[PDB]
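# Descriptive structure summary
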Number of protein chains: 4
Amino acid sequence: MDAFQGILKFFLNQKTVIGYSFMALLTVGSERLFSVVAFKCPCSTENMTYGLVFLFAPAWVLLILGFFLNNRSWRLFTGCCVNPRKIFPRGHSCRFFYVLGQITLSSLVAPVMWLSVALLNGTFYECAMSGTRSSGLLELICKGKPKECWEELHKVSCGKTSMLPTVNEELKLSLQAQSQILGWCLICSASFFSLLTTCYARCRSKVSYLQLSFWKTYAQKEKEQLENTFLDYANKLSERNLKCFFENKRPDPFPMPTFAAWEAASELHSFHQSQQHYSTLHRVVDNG
Amino acid sequence: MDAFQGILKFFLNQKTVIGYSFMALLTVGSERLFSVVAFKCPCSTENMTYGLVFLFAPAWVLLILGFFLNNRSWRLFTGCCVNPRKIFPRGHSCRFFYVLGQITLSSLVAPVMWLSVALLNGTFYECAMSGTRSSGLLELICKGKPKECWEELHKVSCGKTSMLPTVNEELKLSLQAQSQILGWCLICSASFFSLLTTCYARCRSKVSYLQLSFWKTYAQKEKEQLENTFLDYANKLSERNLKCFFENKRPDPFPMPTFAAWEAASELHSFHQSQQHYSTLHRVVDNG
Amino acid sequence: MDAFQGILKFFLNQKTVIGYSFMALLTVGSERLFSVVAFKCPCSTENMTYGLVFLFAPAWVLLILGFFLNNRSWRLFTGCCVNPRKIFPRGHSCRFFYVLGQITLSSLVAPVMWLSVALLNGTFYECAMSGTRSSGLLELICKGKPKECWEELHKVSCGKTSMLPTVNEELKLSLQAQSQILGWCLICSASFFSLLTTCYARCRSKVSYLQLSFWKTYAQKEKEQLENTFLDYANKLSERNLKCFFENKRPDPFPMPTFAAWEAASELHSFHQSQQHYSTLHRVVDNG
Amino acid sequence: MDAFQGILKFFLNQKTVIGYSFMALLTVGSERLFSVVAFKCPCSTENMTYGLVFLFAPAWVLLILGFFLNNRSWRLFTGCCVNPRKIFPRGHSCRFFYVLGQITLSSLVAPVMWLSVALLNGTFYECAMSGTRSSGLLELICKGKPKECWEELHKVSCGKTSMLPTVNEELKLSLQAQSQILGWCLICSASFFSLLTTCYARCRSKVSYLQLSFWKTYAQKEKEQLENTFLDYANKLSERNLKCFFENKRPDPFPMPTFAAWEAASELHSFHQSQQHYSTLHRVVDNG
């Protein structure tokens, strides 16, 4: 009626907290599919390699999958080698590293949510830290244990170590608890670093809060109109081409923008508070 | 029909008690997912660190998550370094600390609801208070016990302690009941403090009760109209830009406010009973 | 059709007995969640403090929650320090304590309904009276018992007391039945006190029964019309402010009441049978 | 009404990530149908052949099935031997290998998704690596084992080897974990190679981002308009042929394009920034 679309507005204004909640709900349930069904630690010298691949290699794939799905990584880089000076402009030569740092920090969110759930369910760290072979970092695990903790530690995950299995339970519990402490030190410092860079990007903005809210409404409704003009000028061009092919006629000329104006309206935008322009298509239209 | 929206009004005038009830119902059910499935106390010298991180580290994340979702923390800080004297005004130099204290007290609610439910289910405190290693605070727990309470206390959670397990049951009951007393001293003193600062902010208001009810109806309906004017002046600007790009024309000028008036309407509001203004956009319009 | 709203009227005329029935049904079911799942009495010297916090501290939170949800505690106190003499008027200097007593007694209902259900399920009193340590009040419990009732009484709840457990079953019954007697002395004396102050506030009313029934209909319809005038004068003010900001014009003046008339219509009403006025907004309109 | 088609738009703009997610969900569930129901490793000298065919032969079928379903592999090759110089043009003789590399890399996605899932479920590699018969690569598996690991290794899959079956459990785990490391080395280096060739094809594009978005909208709606012209000139030709056969009449001449213009509009397209033509049918119409 009228109230069902009124609560759809509450689920659409807060759209950037449901996408991050659904991302964390998928990473939790996908980790339980790996550490139950696929992960089974050996008890060899290859513990250090085996447990460290299940930790880091699903994080390298989620990082590369974040460069594919980012829409503004392709707007920056398409047509780059034709003329590189449209991405390194003369006036503001440091905005290339500002935009490139925005793609990198926005695609580092899904790897950090993988390492946090994988260390809080401490099976990958217990397999990888058992086969350690180090002078330090081994007395901290084997402190009040018999002498066969220095040479038979890597079999404590499978069981079947002959050192009185009340010891083999509280060696598994001291490694399952050092990973859940590192698991919380990562959520607590990637939530503090994420707030400090967002609060520093807004504190050094060029516009105030009210002008930044018109700028975001304009940029969302210049994408809707561009997808309707591109689809209105492509029906009218393909109808002209097919009639002049089957009837063997000559066509009427089609007015399209030149190549020099297609390249100018694809540059990188930076705000100026003297001439206030809200896009780089607004700048090429106002300025000839 | 007509009575179904009459009870929707009762569920909408009391909108600030359904959000706080749903916040407490989520913190209760999420603590039971942690203390059952993920928490397993070791019995080492790392008892003090392990239990005191599951208490405080989800309270630090919920505090940083409350600075992100607060709408008036970005209105204060966006564009701050352009001109800092619009947030530290000359007439009222102490309203910056008044508003900054409003974000802090309104985001300290979900941490306080986490520590209360976590201490009333006394597993995090029992793991953390066992490994205490202190001259005081240890005779209060081991008072009428054998001599091996001063050196084997940290194993009372896991079991596997050789001190006649009727004693080891009533040391898990004297620690599980000291946390549920601290769990109630925190709900009782935070609720009394939350009433004393709200009642002092209303007792020193600048307006009476009837003027404060018109001020709140106005401020909710200057947000609805500002999202319809921004969406009406952005369709009319993007239609102008796309036609003068494809047709290669010169455009008609668009009347928009200056940068000096976008910055004035984004300042911080304080009521004056001489000239009664209900927003800082009402002040810039009445005063030129 | 028409008979379904004829029984909606019977459920709406008696609206003050369903709110008190639903309040007693919530306190009964919420007490069973505490005495089953969370309450586990120790058998130490901290019995007196443990049982006396589960009795009184949920009654202190329900008292403070009754000041937040009371709509007329904010009408009395908002803007108090601007001019305190509008709450302590010269003619009737004792109506401030009459209204302040109305908030206090109306919010003492839910604490009294907590202590009654908590003592009729006598587990909090049995844990708290066991650890008594008093010269009197201890011979009344231990009367025809062995000598180890004076020094081992506080373990009668957990068990593990070597005094022939047919005695430890009729010591748990003499304490579970002293609380159910005190549970009924609280319902019977708070119901008699509640009737005696309501019947005294009506016997000393200024108007008769028929005039008090028009006064209550007026005061409920002056709240509905005041929420439609505030919402009609706020749409007309925000439309004027946004058009004179985006068009750079000067606005037409908006006629609003002065600050001296917003403050006069927010005072405390007292009936006079010489000039009959049913609200303090009716008094400022009839009298200039 | 309109919101159900508004979420159909979000599931249609992201059409290339649902096709790849559904392709991996079929390769996972079809591998579990082979290694459970059909795969039974022998314990003979034919282990090396039997496990290496279940690994590689369903990857050769999925490669050839990807050449059938590729629509732009038939546009290149149909009518090739009539005139080979229309696929090897004189101006740009290297675009034949650029297009031929696009079919090969786009059809190698489904074989790489087969070898990754089949190595992460390490049954095919355990059967294949057991019968190895090599001087190297065999001491790495049999290192701290008895002498009958060099001559009875290939029976470790079936069981029934007389070498103390705690050894036969940690020889099946040291082979099942070497395959899950090679399984992750393939997902991590084929995802990195797939990003490096796409990012190099866009960095060396001939057009910017905004012109490439009009080119993709045009090429989608010259397939829709071409399937409606072909079906409009085929109804009007079969109606003419059947009436002039049953009535024994002579037909009016049908204007169709020549064979020299059917062959010119089927060549290979390459962009020129001097004359901007978005298809090879757009080139034969603008240029006579």
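Rules behind the numbers
Residues numbered from 1 in each chain as written, not as in the entry; some residues may be left out. Chains lettered and ligands numbered in written order. Part of a larger assembly, values for the part shown. Heavy atoms only, no water. Residues with missing side-chain atoms left out of burial classes, pairs and counts. Helix = DSSP H or I, 4+ residues; strand = E, 2+ residues; numbered from the N terminus. Rg over C-alpha atoms; globule rule 2.2 N^0.38 Å. Contact = heavy atoms within 4.5 Å. Disulfide = S-S within 2.5 Å. Buried < 20%, exposed > 50% of the residue type's maximum accessible area, 1.4 Å probe, protein only. UniProt positions renumbered as here; feature names shortened; annotations may be inferred. 1 Å grid on protein atoms, 1.4 Å probe; cavity = no way out; pocket = protein on both sides within 12 Å on 5 of 7 lines; lining within 4 Å. Points joined across faces, edges and corners; volume = space filled by probe spheres on them. Nonpolar A, V, L, I, M, F, W, Y, C, P; charged D, E, K, R; others polar. Buried area = accessible area lost by both parts, 1.4 Å probe. Salt bridge = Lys/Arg side-chain N within 4 Å of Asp/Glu carboxyl O. Polar contact = N/O pair within 3.5 Å; in protein donor to acceptor, adjacent residues only side chain to side chain. Least-squares fit on C-alpha atoms. Axes fitted to C-alpha atoms, helices over the stretch in contact; angles between N-to-C directions. Parallel < 35°, antiparallel > 145°, perpendicular 65-115°, else oblique. Left-handed = near helix turned anticlockwise from the far one by under 90°. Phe/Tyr/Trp six-rings, centres within 6.5 Å; stacked < 30°, edge-to-face > 60°. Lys NZ or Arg CZ within 6 Å of the ring centre and 35° of its normal.

## Describing the overall build of chain A
For chain A, the count of helices and strands is 15 helices and 0 strands. Computed over C-alpha atoms, the radius of gyration of chain A comes to 29 Å, more than 25% over the 19 Å expected from 2.2 N^0.38 for 288 residues, which places it beyond the range of a compact globule. For chain A, the spread of C-alpha atoms along the principal axes amounts to about 90 × 55 × 55 Å. Within chain A, contacts between residues separated by at least 24 positions form 61% of all contacts whose residues are at least 6 apart in sequence.

## Some thoughts on the arrangement of the chains
The two units chain A and chain C never meet; even their closest C-alpha atoms stay 12 Å apart. Separated without contact, chain B and chain D have their nearest C-alpha atoms at a distance of 12 Å.

## Here we look at the state of the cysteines
For the structure on display, the rule yields 12 disulfides over all chains. One disulfide in the model links A:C142 with A:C149; its S-S distance is 2.0 Å. The sign of the -65° torsion about the S-S bond sets the A:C142-A:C149 disulfide as left-handed. Here A:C142 and A:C149 have matching classes, each one buried. Disulfide partner of C:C43: C:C158, at an S-S distance of 2.0 Å. When the S-S torsion is 120°, as for the bridge of C:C43 with C:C158, the disulfide is right-handed. On the criterion of sequence distance, the pair formed by C:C43 in the loop between α3 (18-37) and α4 (47-68) and C:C158 in the loop between α8 (123-130) and α9 (172-176) is long-range, its members being 115 residues apart.

## Things to note about the UniProt feature "binding site: a 1,2-diacyl-sn-glycero-3-phosphate" in chain A
Feature annotation in UniProt places "binding site: a 1,2-diacyl-sn-glycero-3-phosphate" on A:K15, A:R32, A:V37, A:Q102, A:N121 and A:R202, given in this structure's numbering. An extended arrangement is adopted by the annotated residues: their sequence extent is 188 residues, and the largest C-alpha distance between any two is 45.1 Å. Its location among the elements puts A:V37 in helix α2 (residues 18-37). With respect to the secondary-structure elements, A:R202 resides in helix α10 (residues 192-203). With residues near it in sequence (within four places) discarded, A:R202 still touches A:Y209, A:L212, B:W74, B:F77, B:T78, B:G79 and B:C80.

## Quick word on the UniProt feature "disulfide bond" in chain A
Residues and elements named next belong to chain A. Where 2.5 Å serves as the upper bound for a disulfide, the S to S distance of 2.0 Å between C41 and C127 confirms the link that UniProt reports. Of the two residues, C41 is situated in the loop between α2 and α3 (47-68) and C127 in helix α7 (residues 123-130); the sequence distance between them amounts to 86 residues. On the basis of relative accessibility, which here comes to 13%, the residue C41 falls in the buried class.

## Quick word on the environment of B:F230
Take B:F230: it is sitting in the loop between α12 (223-229) and α13 (235-246). Once you skip the residues sitting within four places of it in the chain, B:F230 turns out to touch A:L210, A:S213, A:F214, A:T217, B:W262 and C:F246.

## Describing the layout of surface pockets
Considered as a void within the structure, the second largest pocket measures approximately 720 Å³ in volume. Lining the second largest pocket are 22 residues, and of these A:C43, A:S44, A:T45, D:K145 and D:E170 lie nearest its centre. Split into classes, the residues belonging to the lining of the second largest pocket amount to 6 nonpolar, 8 polar and 8 charged.

## Structural notes on the interface of chain C and chain B
Contacts between the two partners involve 56 residues from chain C and, on the opposite side, 56 residues from chain B. Roughly 5,100 Å² is buried in total at the junction of chain C and chain B, and carbon and sulfur atoms are behind 70% of that figure. Its salt-bridge partner being C:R240, residue B:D286 comes within 3.2 Å of it at the nearest N-O pair. Where chain C touches chain B, the interface holds 15 residue pairs in polar contact. Residue assignment for the side of chain C that touches chain B shows that the elements contributing at least two residues are α4, α5 (72-77), α12 (235-246) and α13 (259-264) of chain C. Looking at the side of chain C that touches chain B element by element, the count peaks at 11 residues for α4(C). Of the residues in the side of chain C that touches chain B, the class split is 36 nonpolar, 10 polar and 10 charged.

## Concerning the interface of chain B and chain A
Facing 56 residues of chain B, the contacting portion of chain A comprises 55 residues. Taking both sides of the interface into account, the surface hidden between chain B and chain A amounts to around 5,100 Å²; carbon and sulfur atoms contribute 70%. The interface formed by chain B and chain A includes 1 salt bridge. Applying the counting criterion to the chain B and chain A interface returns 16 residue pairs in polar contact.

## As for the relation of the copies chain C and chain B
Overlaying chain C with chain B gives an RMSD of 0.1 Å, the required rotation being 33° about an axis along which the chain moves by 0.0 Å. A share of only 11% of the interface residues of chain C reappears at the interface of chain B, consistent with the copies meeting through non-equivalent patches.

## Description of the pattern of salt bridges
All names here are of chain A. Applying the stated criterion across every chain yields a total of 15 salt bridges over all chains. Measuring nitrogen to oxygen at the nearest pair gives 3.5 Å for the salt bridge that ties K86 to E263. Separated by 177 residues along the polypeptide, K86 in the loop between α4 (72-77) and α5 (95-106) and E263 in helix α14 (residues 259-264) bring together distant segments of the chain. Relative accessible area serves as the criterion here: at 8%, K86 is assigned to the buried category.

## Structural notes on the packing of helix α3 (residues 18-37) of chain B against helix α8 (residues 109-119) of chain B
Residues and elements named next belong to chain B. Orientation of α3 relative to α8, taken along the N-to-C sense of each, is 45°, at an axis distance of 10 Å. The angle between the axes of α3 and α8 places the two elements in the oblique class. When you trace α3 past α8, the crossing you get is right-handed. Across the interface between the two elements, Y20, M23, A24, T27, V28 and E31 of α3 pack against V109, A110, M113, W114, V117 and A118 of α8. Looking at the contact of α3 with α8, its residues break down into 10 nonpolar, 1 polar and 1 charged.

## A closer look at the packing of aromatic side chains
In the structure shown here, the tally under the stated rule is 94 aromatic pairs over all chains. Seen from their ring centres, A:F230 and B:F246 are 6.1 Å apart, and the 80° between their planes marks the pair as edge-to-face. With one member in each of two chains, A:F230 in the loop between α12 (223-229) and α13 (232-246) and B:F246 in helix α13 form a pair that bridges those chains. Taking the relative accessible area as the measure of exposure, A:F230 reaches 4% and is therefore buried. For B:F246, a relative accessible area of 5% corresponds to the buried category. Ring pairs connect the aromatic residues A:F214, A:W215, A:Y218, A:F271, A:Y278, B:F230, B:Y233, B:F254, B:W262, C:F245 and C:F246, which therefore count as one cluster. Directly above the ring of D:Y233 sits D:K236, whose terminal nitrogen or CZ lies 4.7 Å from the centroid.

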